[PDB]
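Order of listing sets the numbers, starting from 1, for every ligand and every atom in it. When reading the values below, keep in mind they use all heavy atoms of this one structure, side chains included, and skip hydrogens, waters and symmetry mates. The sequence lines fix the lettering, A, B, ..., with proteins before strands; numbering per chain opens at 1.
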Protein chains: 6
Amino acid sequence: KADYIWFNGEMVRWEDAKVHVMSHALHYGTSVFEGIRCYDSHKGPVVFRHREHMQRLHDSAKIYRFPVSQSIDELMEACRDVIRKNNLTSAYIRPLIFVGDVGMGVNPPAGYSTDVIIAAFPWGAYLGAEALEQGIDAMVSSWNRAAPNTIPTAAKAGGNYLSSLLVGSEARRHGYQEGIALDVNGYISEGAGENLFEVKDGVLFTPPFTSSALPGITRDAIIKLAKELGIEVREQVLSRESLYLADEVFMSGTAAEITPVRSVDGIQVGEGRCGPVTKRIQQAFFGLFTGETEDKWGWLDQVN
Amino acid sequence: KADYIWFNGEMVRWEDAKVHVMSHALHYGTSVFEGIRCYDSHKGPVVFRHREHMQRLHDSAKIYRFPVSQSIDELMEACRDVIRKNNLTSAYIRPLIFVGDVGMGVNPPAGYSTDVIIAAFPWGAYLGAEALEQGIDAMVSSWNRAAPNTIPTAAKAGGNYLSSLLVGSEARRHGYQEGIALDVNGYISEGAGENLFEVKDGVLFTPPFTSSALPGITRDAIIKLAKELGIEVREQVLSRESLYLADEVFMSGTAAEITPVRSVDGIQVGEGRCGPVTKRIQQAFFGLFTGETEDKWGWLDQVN
Amino acid sequence: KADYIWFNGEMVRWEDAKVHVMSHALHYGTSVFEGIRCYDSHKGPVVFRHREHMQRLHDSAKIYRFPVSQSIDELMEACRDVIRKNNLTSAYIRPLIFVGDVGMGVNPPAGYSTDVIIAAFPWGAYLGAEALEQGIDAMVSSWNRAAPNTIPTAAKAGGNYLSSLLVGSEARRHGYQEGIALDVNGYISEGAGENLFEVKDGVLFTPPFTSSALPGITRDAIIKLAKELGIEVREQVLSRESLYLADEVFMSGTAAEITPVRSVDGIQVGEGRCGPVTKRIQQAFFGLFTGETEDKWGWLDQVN
Amino acid sequence: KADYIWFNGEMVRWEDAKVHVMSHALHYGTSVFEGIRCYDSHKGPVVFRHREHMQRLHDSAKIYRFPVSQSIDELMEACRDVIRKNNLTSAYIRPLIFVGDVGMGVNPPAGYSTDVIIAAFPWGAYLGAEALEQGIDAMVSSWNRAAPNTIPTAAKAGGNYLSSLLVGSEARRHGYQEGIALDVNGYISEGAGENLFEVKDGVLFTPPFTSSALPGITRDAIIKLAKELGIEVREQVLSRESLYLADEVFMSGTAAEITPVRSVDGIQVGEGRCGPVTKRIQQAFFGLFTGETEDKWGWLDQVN
Amino acid sequence: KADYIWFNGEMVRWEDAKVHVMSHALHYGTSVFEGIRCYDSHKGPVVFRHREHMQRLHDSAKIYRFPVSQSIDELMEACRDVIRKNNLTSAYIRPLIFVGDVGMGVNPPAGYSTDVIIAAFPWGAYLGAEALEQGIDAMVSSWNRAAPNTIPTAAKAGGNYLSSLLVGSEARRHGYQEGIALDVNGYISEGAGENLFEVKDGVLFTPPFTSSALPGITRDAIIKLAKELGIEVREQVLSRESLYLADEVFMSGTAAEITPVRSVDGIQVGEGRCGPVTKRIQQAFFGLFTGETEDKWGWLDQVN
Amino acid sequence: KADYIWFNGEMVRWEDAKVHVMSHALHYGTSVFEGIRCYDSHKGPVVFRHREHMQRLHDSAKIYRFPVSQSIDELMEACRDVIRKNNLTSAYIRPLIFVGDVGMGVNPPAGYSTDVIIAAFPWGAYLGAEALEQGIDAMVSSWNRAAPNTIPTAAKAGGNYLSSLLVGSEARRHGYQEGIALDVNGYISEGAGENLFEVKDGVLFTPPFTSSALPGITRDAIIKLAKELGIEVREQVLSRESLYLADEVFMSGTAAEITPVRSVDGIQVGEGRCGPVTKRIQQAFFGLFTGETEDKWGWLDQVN
Ligand SMILES: Cc1ncc(COP(=O)(O)O)c(CN[C@@](C)(CC(C)C)C(=O)O)c1O
Ligand SMILES: Cc1ncc(COP(=O)(O)O)c(CN[C@@](C)(CC(C)C)C(=O)O)c1O
Ligand SMILES: Cc1ncc(COP(=O)(O)O)c(CN[C@@](C)(CC(C)C)C(=O)O)c1O
Ligand SMILES: Cc1ncc(COP(=O)(O)O)c(CN[C@@](C)(CC(C)C)C(=O)O)c1O
Ligand SMILES: Cc1ncc(COP(=O)(O)O)c(CN[C@@](C)(CC(C)C)C(=O)O)c1O
Ligand SMILES: Cc1ncc(COP(=O)(O)O)c(CN[C@@](C)(CC(C)C)C(=O)O)c1O
């Protein structure tokens, strides 16, 4: 909840940000969105990997051929505007491009244009306030993630989340904090809404995009940070049993940030606490907003 | 376009049927819908297999665990009310159950309730004016339909249509009227938004639900009508080549009704016109609204 | 627990029925077994489908090429002997053919012979004393059953049960009575140790053997009984969603007999009680031992 | 054959190491085991990678949730005791953890404990006397290895060997020394009871664990030794054809050690004798027991 | 070997029927062919299911879009011509449509035409002279048949036989008469060059076309003959183990006719001789050329 | 077209290089071939990677067990002979080993020998004259490439091209210059007759052989050239969406050389012209024939 939402170029009051119930996206899942985070840092409010997220928004729209009238820079300026206009120092930003009030035909008529929305509001830890220090208990779901050439997993589209809803709800229904999904082959894909990382003998390990894992921006940042710390990273297909033999396992995402997993299916993950490597990575990631970790890549975009 | 839309129990004017842009379904494809048709018949306006569609709406919501406060009878009465209220004699009804303005978390908070909408409006033939008499040209898409244990194909949910959008747009981009999708195994599934039927040596043939084909109500009706006409029906897995060797091939759906396919991938389907068996079935189906075909199953529900 | 166990042709006291710890089967799962039931009936103690079970024992041994010195008749006579010698009127018989104390090489040396054991003892309802009247709550497991050309599912071999152990324990760990496994394709296979049956519009439905479902003797009996009752039976591949849309669903097995399933994954199966068709079948099956159902197939083998 | 066998903490005479015929593991393949080797070296009898094998025994039991009361150190001391007690200088040790005399239900009753055994005895080369110097003839089996999410291949459990029995017997029935299995996808997995290695243009090559290949300890040792010799190692999925195009191909295992493969399916592997790289690795491996190869990893555990 | 070959409408002497070495089909497998048999019967030389085979030739060419200038009737007349011209009373006819001397590009240039050839010559029992009375020993091959949507198995094209070459040679290399191939899923497909049939409890059984089994003309005839004899036929997916449990198993094809299989993988198929049902079908099939079996379908086409 | 063709050791005139119409390869696709190029360079006519191509010819024949009487050196000398005899300075060489006039049985009789042919002739740009400078528009085909253990993709055999014919003709039928095929899993395999390369953030990327991609000689050369230019190369499985997100994409082959792809499915590949990295690689490749790029590997074989 906040005061204004950027809607097609205009700052509209949150309560007046309405759309017709016959909007295409409500019926067909025809929307593309992002998850960006604004952090209060040593140099004021800063949007983490702002450009990268807006570029992915365009990429997701490009795969579905959704016409986007706004350039990446326009969207970035609009994003900063929303944060300032609402007087937020830290928040969760949510850009959403959707097919609006067009016909009821699955295929939108030629010459149509999409509606764009950017909402920002403060949001806590996605998996619990105590999830970052003490781990979470995860469960391997009975539902598998989308097959390779069906519904593109590289795109962050609305319709994709019926799957995340099934995987995540099954875990919570049985008392776990999050569910881990396997692909159609029986290999580890990722969590319901976050990438998965293991740690064996001091080595990282993450499933490639071909395991139906979305190319997370946080995932990418962790791989680059790991290389700075001198930790070997391996991007390979992982079996289900590896979760039980791993020394450490954690999840990554914009909302989830870096959450350690202390157990999988009731089987404790070495010690049952946040591990050594996960700790180093957490410190290095959060150190970006304290100044301790030098921003060598230009990941911090000042809101002003 | 029409006058009123049934919205959570109230007949609201079309222009005022708005919902918040932060509605869950807009971001995560969390909606379930139906496609129903009202025909002007020999006994006045009648809704084809009304109860069956309403029962499927409940079944689709049940799989996803979406709470539905309205009973099947309540929805049916509401449906007839929409048609009468708008003075429609024939139309396309569109029931939609969606997760509204709840949090931004993938899993809605316990105790939430869904919003329901029922909109009716006149709609012509889905594949074209001439489509029913002269066939359509179809193309086998390069995109496959959802794998078995990923996103349930038996449910008619919003998020499912990202796939239908990809299959159908590819066909139309290349000059065809509709696209035919194969499942992940390489067998025939169905069209982008309609079931597929073949006709070999006087025998029907349709893919089973396990070929990722949705349990169509029109599909079911055709199978029952064929049995009355003494036509042998076979529900079996079909290979791609079968489309080139079939004497006849047609598609079924609420919007598409019964549309013959005159060619697949530029390869003509026996004669290039509507076939004999397809013709008999079309006459038997439309005969229900003329009185020529006796409604032995009670598929015609009077609007009054 | 009982007094004697038939061991290689001799009635040995239960406590002296020992075998060396270096027996091949203990290390490599190299054993084949059966589950037979003795019922107290209107014509005294009777072994249900005795010959069929012994024939399957030979078939399972034949697939693995295990040498069996005893003929089907010898094993049947030995079986009756064990029941009489222990003064049992009703019991669970357990024939077991295993590779004994041979070398430690995976492949037994040429000219080796197997050890045979037949133990009988009273055993109650496998899924609970109240499981037959009121249903059980089942869960779809995250573990899949064996792929088609890996470890033959038609054979009832020891090593097969590591899978049943994984599927069944996961269900019980989460509060369910039994787990239902899908095959590698994402289709319904069967329960951890029992075949699965659904009931839609008055029609049965069971997965074929090709869905990695073991050719159960109880399953076969139910299909033949159903045909006598005039119920249509369909042996076809079933999707996971079908469990949620079914009017009735039950499990079959020698130990489980005919157990109705009142819910799958927390989703109630029409009414939440034993259904109409399942009831008819239960009455018809148990009626065999009361005389109400005529044994037209010769399924009851008198112990004497 | 030897004098004593460690049985649940006691050194029992070989002849008296018996267990009941109703032991769970005999009927359901519920056991986990290891293969360890004691070599007579330049520093006396030494167990190769002792702790590593004991840790894997615990990992295999962990996946199946089998309760193990003994710690890794306890098992190691017990192992050395068995070797000393039997006056062995070189032998094959066989640790076995199995579900004993509990009920006949697939799932053991809560609070049960497992029986543990450790037997040692001298064993020659698994594939033959000449096998190490002259290669062996291998055949690609018609039976595939277990699919990814069915029965965990990372675990060395009893029931797993029904597959190894099928693959290996087929090869020997046709005149070959060992069989090579493909996974369900058609890629190379491993031999019936040993890992597979190829050698192309001076580069190693081995299938990853995700190809249903067990994480062999010998496999791991070879990878580490190769890196010391400056040989490039590549863990990647290999097609069947690669076996015909490889310059060298060999198998690894505790029992098989390092055995070269001179031909696959009657097609000679470059020269038909042990290759250059295989030779270097064999000399480096056996050099550990001569002192020529320095034990930089601490793989040699003294028995005393 | 014979005197004349029909080549593009001309009766050319066998020795002069040559084609350039740069013919497309020689480098790219771009050919489509048939196998037809002429039998000496009670009504003189007759071509078994002549029209059906010519219709399939056109169908195979249609799938690949090879232009065929000759009508089905022209090809049939040409076939009878070849038989007469060579004074044959019984023979094996071989129609072949191939892409000739066009460019070396994979895709032939627009406006090209195909070359057609029809050769007839006497040919004995495909699987051996004694194969029809005493069975043959078959082996399950380690090579799988083509996946569903790759190279159409419904078409009888030249390039398809690289697979048949691999499956068949592997069997013969090991002492068997024919090889049985499985599909990519691990189910029974068919023999290297003939359809596979099983016989369980008096019931037939054959894999559907979707198991990568070619729609054989002999296969079709046998299904129609069996229905006349009152034998139940089931077209379903078959597991590998079913070959070991079947009472009878035989293969069908134009060249192989109806050949019983007495063993599969060294495992005897009930009695090890031609079974009862196979015998009835053989007598019914060959009875067509003696007059004993009435030709109700018009399968015998007179050569004159 | 040229004057002479090397045929079984003899220089035969082009017009007289004929083979019988009953040649095995014409009916069963039993042939193996290569594609080699001769370039006019700074040191005169030179055959690019001559030995490598002849070695692959032998490898392809070895897989199918086709007897080859000529050694690699004999074939190389014969190749140079053909070029000289025809007075060619630049040409496309085509070695072809095929099963000739043997029986009509799928498996050739023991003791048979193959026929060998080497034809050379000038051939232009495979994908078009302008294709090397301006890119080509490609389409993702609806036909998939051969599954892993069916018809070996590592071999360049005649029968393989029925697949290439289907993939390539579909693209050209819709207005594209070439078709890109996916494997049975839905991952990128390669073009109809050329390997596929992507370029993301300055990094290469190519599918491994296990994605049913033929081990191209040009592909290998490009990987080695890129390593010289200091460009990172990654051999990994690629998803379909990656084609839309790539900065650059190009195809490689002997006939196609190095062809940039400016669009895939109507979606422009960054700028729509030949990219920076592709350009550097093209210049480095063609520089080998100008002397600008030093031949460190000995890829240029002088014709003399
Ligand atoms: C399915 C899925 N996989 C990974 C990620 C993480 O990507 P990234 O944010 O770019 O590092 C997500 C992201 N989920 C978001 C968009 C939604 C929440 C989980 C509600 C987010 O974390 O911002 C994903 O959904
Ligand atoms: C993917 C898909 N498959 C089948 C059917 C036909 O079902 P039915 O109407 O029950 O016979 C459809 C139906 N789609 C509807 C609901 C929506 C249109 C595509 C807009 C319809 O035809 O009314 C389907 O989508
Ligand atoms: C995996 C599996 N599937 C089916 C059946 C039922 O077969 P049947 O007894 O012949 O009708 C079983 C059988 N399990 C037995 C052998 C063991 C118990 C479950 C402990 C049995 O019911 O007797 C099976 O295991
Ligand atoms: C299926 C399988 N795969 C690999 C290995 C080799 O592992 P390792 O000994 O750890 O290098 C094996 C090992 N099998 C043992 C344990 C049993 C024999 C086959 C009897 C062994 O070689 O000692 C395996 O089975
Ligand atoms: C792969 C394959 N499958 C079935 C059949 C049988 O078809 P049909 O003759 O129509 O019953 C065949 C046919 N093979 C022929 C064409 C060639 C011989 C094996 C050499 C034949 O039998 O005539 C097939 O190849
Ligand atoms: C299917 C396929 N894949 C890759 C290549 C490229 O191999 P290479 O020439 O070794 O780099 C080819 C090669 N195709 C040739 C043989 C035929 C033309 C396409 C007509 C060629 O380029 O020379 C291939 O076919």
Residues pairing under salt bridge (charged side-chain N to carboxylate O under 4.0 Å, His left out) where one sits in residues 211-223 of chain D, two or more places apart or in two chains, turn out to be D:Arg49-D:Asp220, D:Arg219-D:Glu235, D:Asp220-D:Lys224
**Prompt:** Looking only at side chains, do E:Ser212 and E:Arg145 share a donor and an acceptor under 3.5 Å apart?
**Reply:** no
- prompt: Side chains of E:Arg37 and E:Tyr39: donor-acceptor distance under 3.5 Å anywhere?
  reply: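 Result is no, nothing qualifies.
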Among all residues two or more places apart in sequence or in another chain, which pass the side chain to side chain donor-acceptor pair (under 3.5 Å) test with C:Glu34?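 Scan of C:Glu34 (side chain to side chain donor-acceptor pair (under 3.5 Å), adjacent residues dropped) gives C:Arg56.
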Does ligand 5 have any N/O pairs with the protein under 3.5 Å, and how far apart?
from	atom 1	to	atom 2	distance (Å)
ligand 5	3 (N)	E:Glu190	OE1	2.7
ligand 5	3 (N)	E:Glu190	OE2	3.4
ligand 5	9 (O)	E:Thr254	N	3.1
ligand 5	9 (O)	E:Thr254	OG1	2.6
ligand 5	10 (O)	E:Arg56	NH1	3.0
ligand 5	10 (O)	E:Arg56	NH2	2.6
ligand 5	10 (O)	E:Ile217	N	2.8
ligand 5	11 (O)	E:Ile217	N	3.3
ligand 5	11 (O)	E:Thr218	N	3.0
ligand 5	11 (O)	E:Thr218	OG1	2.9
ligand 5	22 (O)	E:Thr254	N	3.4
ligand 5	22 (O)	E:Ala255	N	3.0
ligand 5	23 (O)	E:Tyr92	OH	2.9
ligand 5	25 (O)	E:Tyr161	OH	2.4

Donor-acceptor under 3.5 Å (C:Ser169 side chain, C:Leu165 main chain):
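Yes.
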Problem set entry | Residues that D:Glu194 engages under salt bridge (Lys or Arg N to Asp or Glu O under 4.0 Å), provided they are two or more places apart |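 Not a single residue meets the salt bridge (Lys or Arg N to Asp or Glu O under 4.0 Å) criterion with D:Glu194.
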